[PDB]
Amino acid sequence: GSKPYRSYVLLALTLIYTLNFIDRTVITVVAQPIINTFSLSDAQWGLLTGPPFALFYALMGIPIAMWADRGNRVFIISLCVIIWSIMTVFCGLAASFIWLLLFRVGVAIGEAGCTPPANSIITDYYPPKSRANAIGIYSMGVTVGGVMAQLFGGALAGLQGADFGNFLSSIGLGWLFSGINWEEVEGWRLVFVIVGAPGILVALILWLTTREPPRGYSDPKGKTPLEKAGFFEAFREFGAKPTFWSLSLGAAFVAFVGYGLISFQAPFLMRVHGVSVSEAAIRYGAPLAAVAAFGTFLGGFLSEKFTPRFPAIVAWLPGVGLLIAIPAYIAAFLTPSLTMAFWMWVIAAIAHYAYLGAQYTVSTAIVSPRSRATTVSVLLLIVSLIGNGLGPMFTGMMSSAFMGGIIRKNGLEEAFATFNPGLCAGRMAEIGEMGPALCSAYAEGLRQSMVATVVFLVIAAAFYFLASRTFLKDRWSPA
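Numbering (PDB author numbering), first residue to last: 19 to 497.
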């Protein structure tokens, strides 16, 4: 490439990645609003927030991996940013819950085509002396975008539709001030559309200002590897090792709990402690996201910095730091004090994401570097599928089922038959004789659900312990 122009291309692609994760994770802060207007059950919310990314990498992610390895990359990234920005805008203007699901699946379809082509671009722009730091500052995209989603979405949520209609009519775009009543549009619609709309032009300027590099700007003297690095047979190195599957299942259940909690942490915060959407996303969401990222990098470090000396590192032999994160989570949920809950939560978050980072780097040192790149990838794919697709589902169906348990044991099904979640933000008389009891059930079902999902950290710890046992055999050493 060059050097200042190359750094500009880098900043552009990293902003694409931060925007990617902003768009991806912004849906969790508008959980209660979306379910409030569409009268969704927590089950339906978990359905919306999880398996719509089984289409993340099972489809696209593997097809467009080849498509990007064989084609023009910059064009692919510009196109895909077009795609998922448009789909988020459509999420903003969804008529039914099913339309929202379809637009979210399209968002996953689009976001699958971000990291493979950008990885190829960065490796071909930069020389091997600087590729590591480039991929590192690009990897900061998930961290940045994660806390940025909470911040931006909390700000944009709690914005009256009348305000946005007036601002559109005031800058000369009165070609919508006659279309729809802005007093009747909700804040999360604005969140989606205003978050998505920058992406079209950002991808345009990407297409204009970044020239595709010639494929292959690496090292001169190259051996004919005969098996081209490693493809299917590189799988058979770790695929034989059982520690790999123990690590993958443990990390997948860690991520299962994580994705299930993030899918309903804002609904919990506003159903129990009554914080606004904005204050739940801002005073609690972004700090906990930064705390979880710090815990993940801390686990990766703490491992790396004493993993060569001895195996799946922990105190004594079982991985009971997860078992310590469990009581902190349960205490954070069962507390009536909100600040107490927040600090217990940051403690539990550090301790919970540390083992994700751990298992990550414990897997990096179990396989030859000829293939370790391909091993960590399928690790992340198993984690994504199991955790992301099943965590929100478990948490939401458990919220719905624990609520229904309160319903039956209190026998107010007659009242629930006309129960909408929306009018319990105030307007609690307007349900009937049993309004506040019904919504106490609505909050307590989610509380019990959170505790239930947290219990899955014992399954995660069991898998990590199994991996610790089989690691000595499965270890890979130069001798």
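Here a beta-carbon is modelled for each residue, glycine too, at the ideal position from N, C-alpha and C.
Whole-number beta carbon distance between residue 471 and residue 392, since they are thought to touch under 8 Å: That pair is no contact at about 31 Å.
Status (buried if at least 16 other CB within 10 Å, exposed otherwise) for residue 129: Here residue 129 is buried, its C-beta having at least 16 other C-beta atoms within 10 Å.
Proximity winner among 138, 54, 48, relative to residue 84 (alpha-carbon distances): Here the closest residue by C-alpha is 138.
Residue 74 beta carbon less than 8 Å from that of residue 163: No, the Cβ-Cβ distance between residue 163 and residue 74 is not below 8 Å.
C-alpha distance - residue 501 paired with residue 166, whole-angstrom precision: Because residue 501 is not part of the residues shown, which for the chain are 19 to 497, the question remains open.
Environment of residue 90 [buried if 16+ CB atoms lie within 10 Å]: Answer is exposed; the Cβ neighbour count stays below 16.
Neighbourhood of residue 103 by C-beta distance below 6 Å, restricted to the same chain and skipping five residues each side: The answer, listed in chain order, is 214, 217, 218.
Complete alpha helix (DSSP H) runs within the region 274-309 (minimum length 4 residues, chain order): As for any alpha helix (DSSP H) of minimum length 4 sitting wholly inside the region 274-309, the runs are 283-290, 295-298, ordered along the chain.
8 Å Cβ cutoff met for residue 182 and residue 208: Pairing residue 182 with residue 208 gives a Cβ-Cβ distance under 8 Å.
Exposed unless 16 or more other CB atoms sit within 10 angstroms - verdict on residue 361: Its Cβ having fewer than 16 others within 10 Å, residue 361 is exposed.
Contacting residues, own chain, Cβ-Cβ under 7 Å from residue 66 (five flanking each side not counted): If we look at residue 66 and ignore the five residues flanking it on each side, its Cβ neighbours are 118, 119, 122.
The region 475-491 touching the region 267-279, judged by at least three CB pairs closer than 8 Å: At 8 Å Cβ cutoff, the stretches touch.
Minimum length 4: unbroken alpha helix (DSSP H) runs contained in the region 324-411: Here the runs fully enclosed are 339-352, 356-382, 390-401.
Meets three-Cβ-pair contact criterion under 8 Å: the region 457-465 and the region 227-235: No, the region 457-465 does not touch the region 227-235.
Reference residue 279; option with closest CA among 54, 64, 20, 56: With distances taken between Cα atoms, residue 279 lies closest to 64.
C-beta neighbour in chain D for residue 491, strict 8 Å: Protein chain content of the structure displayed is limited to a single chain, and chain D is not contained in it.
Neighbourhood of residue 69 by C-beta, 6 Å cutoff - its chain only, sequence neighbours within 5 removed: So the qualifying residues of the chain are 407.
Residue 256 burial status per 10 Å Cβ neighbour count (16 or more: buried): Here residue 256 is buried: its Cβ has 16 or more other Cβ atoms, across all protein chains shown, within 10 Å.
Environment of residue 143 [buried if 16+ CB atoms lie within 10 Å]: With 16 or more other Cβ atoms from the protein chains shown falling within 10 Å of its own Cβ, residue 143 counts as buried.
Residue 233 versus residue 20 - alpha carbon distance: Approximately 15 Å between the Cα atoms of the pair.
Whether residue 235 touches residue 136 by CB criterion (8 Å): Taking the C-beta atoms as reference points, residue 136 is found no nearer than 8 Å to residue 235.
Residue 375 vs residue 315 beta-carbon contact at 8 Å: Yes, they are a contact pair.
Burial state of residue 492, where buried means 16 or more other Cβ atoms lie within 10 Å: It counts as buried.
Neighbourhood of residue 340 by C-beta, 6 Å cutoff - its chain only, sequence neighbours within 5 removed: Around residue 340: 373, 475, 478, 479.
Residue 380 and residue 330 closer than 8 Å at C-beta: Yes, the pair counts as a contact, with Cβ atoms nearer than the cut-off.
Neighbourhood of residue 288 by C-beta distance below 6 Å, restricted to the same chain and skipping five residues each side: Cβ within range, chain order: 50, 298.
Buried or exposed (CB count within 10 angstroms, at least 16 for buried), residue 390: Residue environment for residue 390: buried (at least 16 other C-beta atoms within 10 angstroms of its C-beta).
Where the alpha helix (DSSP H) through residue 255 begins and ends: Boundaries of the alpha helix (DSSP H) around residue 255: 253-256.
Cα-Cα separation between residue 282 and residue 367, rounded to whole angstroms: The straight-line gap separating the alpha-carbon atoms of residue 282 and residue 367 is approximately 15 Å.
Where residue 98 sits in the DSSP three-state scheme: DSSP places residue 98 in helix when its eight states are reduced to three.
Residue 14 - containing alpha helix (DSSP H), residue span: The requested residue 14 does not occur in the structure, where the chain is confined to residues 19 to 497.
C-alpha distance - residue 453 paired with residue 348, whole-angstrom precision: If I take the Cα positions, the gap works out to 27 Å.
Spatial neighbours of residue 382 in its chain, beta-carbon cut-off 7 Å, leaving aside the 5 residues before and after: Only 390, 394 meet the Cβ criterion.
The region 41-60 / the region 438-448 touching (three or more Cβ pairs under 8 Å): In this structure the region 41-60 touches the region 438-448; the number of beta carbon pairs closer than 8 Å is three or more.
Residue 534 in three-state terms, based on DSSP: Lying before the first or after the last residue shown, residue 534 is absent from the chain, which here runs from 19 to 497.
Assigned secondary structure, residue 48 (DSSP; H/G/I helix, E/B strand, else coil): Per DSSP, reduced to three states, the secondary structure at residue 48 is coil, with no helix or strand assignment.
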